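Residue numbers (UniProt numbering), protein chains in the order written: chain B, 106 to 887; chain F, 243 to 363.
Cβ coordinates follow ideal geometry from the N, Cα and C atoms, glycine included.
Below is one structure, written out as structure tokens, with a few remarks after it.
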Amino acid sequence: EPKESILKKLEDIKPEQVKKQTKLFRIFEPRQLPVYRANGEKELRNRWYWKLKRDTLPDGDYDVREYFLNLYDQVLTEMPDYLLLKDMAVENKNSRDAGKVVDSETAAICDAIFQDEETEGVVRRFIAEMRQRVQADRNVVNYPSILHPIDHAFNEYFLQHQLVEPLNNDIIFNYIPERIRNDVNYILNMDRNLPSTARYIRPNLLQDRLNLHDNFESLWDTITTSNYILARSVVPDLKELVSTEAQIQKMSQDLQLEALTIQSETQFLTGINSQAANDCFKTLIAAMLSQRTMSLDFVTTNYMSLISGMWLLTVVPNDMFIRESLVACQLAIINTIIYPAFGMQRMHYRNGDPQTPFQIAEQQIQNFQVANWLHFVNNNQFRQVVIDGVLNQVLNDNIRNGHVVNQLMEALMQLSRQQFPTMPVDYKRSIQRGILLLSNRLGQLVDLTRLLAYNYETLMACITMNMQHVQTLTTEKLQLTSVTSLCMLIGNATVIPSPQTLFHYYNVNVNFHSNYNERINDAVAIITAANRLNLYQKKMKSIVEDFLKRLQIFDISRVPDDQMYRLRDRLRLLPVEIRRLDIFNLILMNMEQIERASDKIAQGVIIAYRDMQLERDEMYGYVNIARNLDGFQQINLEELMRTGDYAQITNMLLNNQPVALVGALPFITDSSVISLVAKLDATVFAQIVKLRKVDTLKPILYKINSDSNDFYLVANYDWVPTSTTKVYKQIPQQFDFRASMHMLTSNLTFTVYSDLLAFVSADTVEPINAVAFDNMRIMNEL
Amino acid sequence: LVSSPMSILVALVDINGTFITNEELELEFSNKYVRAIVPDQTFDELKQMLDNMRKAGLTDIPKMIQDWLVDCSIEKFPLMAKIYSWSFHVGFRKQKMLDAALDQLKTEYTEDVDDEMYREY
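Pasting the structure below:
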């Protein structure tokens, strides 16, 4: 894609969506139901029971586990970053003190209970005593709330595990990278004193847990390309470059060019312009920052390209260049400049040789300056250093102070003094002319090396993800004519990253890192939950697709499925984030209770072949409910549906062998006494033998009480109903108003901030006086 | 009337890379990204300019500008440049020398100027 589109994608990433809770999370609600006496007669007083607010649990145990994975997703969506309960507070109309409660749904329950005529006076007293307590000294507030125990657990976790931390000026200042603060070239200032009640959210700057730099070569190529584009966007632009026309004229005078051949010149002057110099500066710094491999493009007939390549290999570690291009450049330098200078036979270098041309030349060359420069170029490498918790690639200290430029120069000088025994005098003249052009700007070259190093390290301080040095799938093409332009046109103007540019680069890096980590956390949580919920029919490709799409720098159309499943495997070995893990632990603990609260499904059906008395349960009357599957062989309906082998269940149904079919089933609620006497519940299992399907199974639940049309049979015959089948199901829990009151505590008020560096005003010292790590000015040429 | 909006439109497009003059035609290119910061008063002025367009009987040109204002993208800015260039082809305005001059030499000179500023200037 165009680089501009990639930059727009990277700079459009927001810090993180901040979630606020507006209402208490609730899975349950109170519901008033008629109750019945032990003889099945209806009472005049109803009772409040806990019921599912949205009873939508499906049929089949596997589908129930899918439902609970969806519920985990919903809870994670509703989990807030912070919480102020004053926002949820509403007036309790029956409060003695006219106090407040949270949330509005609690107030609705309070009003419904208080206004009800069947309410015990103690409950009304309790509702009258419900009010909030404010402790302004501690910035705390407590509100009464009516919550189911599971609802209370979830909301309490939300309240006690918020993500906001106190914010002050010291925190804002320390949020800046330590190396930027340590730099004496930047002055930082503030004009605000943040209040003690200010808050902020720390980004999750954990280092790469997927290690995409290892064996995810295409994804790593995309990541490195994005980093390269961002680095190019933030690298400062060269200014006060030597006038291209004036420098070209000076070079023509030095080369003693024939008149009018400046346009046609291709040995020294081709490709020299300010655009190429600026592009070289940007390419070098951006490639080093993003650790993107570079490819050298040059024409062997251009001697200036070879001398600029000598300088480039002196200053840039050679691991930054693709091997073939580096080998070609070194071979051209050796066979055009060094060996002909010393009269050595042209190197016959083998493609694929374990040694680079410079490594061979170092052994073969007797001159000490040339051999020393060759050895340094051979061994010049980055140093891996963990600085401020981030892995970085650090240049050699002699590169940072531009001292290597002297070593190279020494070699060049020794090459200018050689006789070139086997070459015509014009060849020596051409090499001397190229060396003269480069060495007329020795001070500028030292300044340029120091400037490159300083800009590199200053922008490196702003990187939050580890600088992993690994060769990339694709390269960035660097033309040696651009290096020649940079060498020949760089002035004495010091360009260093602007403080606001550094802050923007750091913020973009932080946002990308935080997005990476948060999407990793989401994917890991979903994968681990699906594994712990035994969702064996679930293909996790969608999770990885969502993860990669939310990373927002990969085009998933180019990502095959095997790579996504490798990503799944790597994510599966990572621990779950503490908040998500605890939420999932709560869901695992309470999913049985949540499922058994459903009125749409039953937990099973016990097919006995003896008369079992219907149970007395005040909210049903007489009901053929089984509280447990004790004393019955269990057939797992999920396993039966998965395997399709109906031999066992068919044999048990044909032989009238008592059994319990276990699994989320729908049931028919039949309140007819005549239906119970007719034994219809025992007639609903023949279809299993007929069709060998259990998804159609729908056991009958009897609900016998005075509301039944023929309840007189129960009343007029002192008869306790019996049935041969039972529904494995639970009875609802009574809603006790006092036991459901919890004082939710939160902070009374605070303000949350997002962009800390918006509070920092930063300026640069005069560039003429900007200093490097060695306390000397970056550029000293005049 | 038609060329007025351009003076504000240039301020509504973010920079995603740009050129930088070096010497008289030489450009070095930057990948620098700059967001367009536009106050509400400028948007009010642009609204007034479009209202002036419509008060003169223009319907298509202000509609085009409004459509471009949805995204303020540089990819569709060629239409804005097209309108700007087309505005100048409605001919010259060869009014009388008297009126044109009087418009030129329409001055309101005052003794109430900042003496310090004028002395420094």
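DSSP lists B:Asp-722 as the bridge partner or partners of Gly-726 of chain B.
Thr-633 of chain B has its alpha-carbon roughly 10 Å from the corresponding atom of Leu-174 of chain B. Boundaries of the alpha helix (DSSP H) harbouring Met-757 of chain B: 752-759, taken from the DSSP string. Think of a sphere of 8 Å around the beta carbon of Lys-318 of chain F: no beta carbon from chain B falls inside it, the nearest being about 15 Å out. Under the 9 Å criterion on CB atoms, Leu-269 of chain F is classed as interfacial with respect to chain B. With a threshold of 16 other beta carbon atoms within 10 Å, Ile-711 of chain B meets it and is buried. Around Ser-272 of chain F, the beta-carbon contacts reaching into chain B at under 7 Å are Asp-342.
For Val-876 of chain B, the three-state secondary structure derived from DSSP is strand. In terms of CA proximity to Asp-221 of chain B, B:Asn-199 leads the group B:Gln-240, B:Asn-199, B:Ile-442, B:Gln-762.
Relative to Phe-487 of chain B, the option among B:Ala-558, B:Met-449, B:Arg-843 whose CA is nearest is B:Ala-558. For a Cβ distance threshold of 7 Å, residue set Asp-342 of chain B lies close to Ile-262 of chain F, ordered along the chain.
Look at the beta carbons and you see the region 228-240 of chain B touching the region 248-263 of chain B: at least three pairs across the two are nearer than 8 Å. Nearest to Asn-309 of chain B by alpha-carbon distance, out of B:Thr-577, B:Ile-377, B:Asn-616, is B:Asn-616. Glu-270 of chain B and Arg-307 of chain B have their C-alpha atoms spaced approximately 8 Å apart. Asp-256 of chain F sits in coil when the DSSP states are folded into three classes, being neither helix nor strand.
What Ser-379 of chain B touches in chain F, judged by beta-carbon distance under 7 Å, is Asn-264, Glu-268, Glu-270, going in chain order. Pairing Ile-805 of chain B with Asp-313 of chain B, the inter-Cα distance amounts to about 56 Å. If you draw a straight line from the Cα of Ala-566 of chain B to the Cα of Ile-285 of chain B, it is about 7 Å long.
The beta carbon of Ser-249 of chain F sits closer than 8 Å to no other beta carbon from its chain once the five residues preceding and following it are set aside. At a cut-off of 9 Å between beta carbons, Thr-349 of chain B contacts chain F. If you draw a straight line from the Cα of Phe-321 of chain B to the Cα of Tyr-621 of chain B, it is about 15 Å long. Rounded to the nearest whole angstrom, the C-alpha separation of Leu-638 of chain B and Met-694 of chain B is 12 Å.
Note that the C-beta distance between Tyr-714 of chain B and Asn-810 of chain B is not below 9 Å.
In this structure, the alpha-carbon of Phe-772 of chain B lies about 7 Å from that of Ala-707 of chain B. Neighbourhood of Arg-337 of chain B in chain F, by CB distance below 7 Å: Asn-273, in chain order. Taking 9 Å as the CB threshold, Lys-108 of chain B lines the interface with chain F. Its chain contains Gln-396, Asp-424, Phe-487, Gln-489, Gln-498 as the residues whose beta carbon lies nearer than 8 Å to that of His-574 of chain B, once the 5 sequence neighbours on both sides are disregarded; these appear in chain order. In the three-state DSSP reduction, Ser-369 of chain B falls in the coil class, being neither helix nor strand. Two segments are said to touch when three or more pairs of C-beta atoms, one from each, lie closer than 8 Å; by this definition the region 831-850 of chain B touches the region 142-159 of chain B. Shortest Cα-Cα distance from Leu-188 of chain B to any of B:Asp-687, B:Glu-148, B:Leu-268 involves B:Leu-268. Interface annotation for the region 539-553 of chain B against chain F: empty, criterion Cβ-Cβ distance under 7 Å.
A straight-line Cα-Cα distance of about 39 Å links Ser-410 of chain B and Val-664 of chain B. Per DSSP, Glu-109 of chain B is one residue of the alpha helix (DSSP H) stretching across 108-116. In the three-state reduction of the DSSP assignment, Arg-150 of chain B falls in the strand class. For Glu-270 of chain B, the enclosing beta strand (DSSP E) starts and ends at 269-271. Its chain contains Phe-219 as the residues whose beta carbon lies nearer than 6 Å to that of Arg-229 of chain B, once the 5 sequence neighbours on both sides are disregarded; these appear in chain order.
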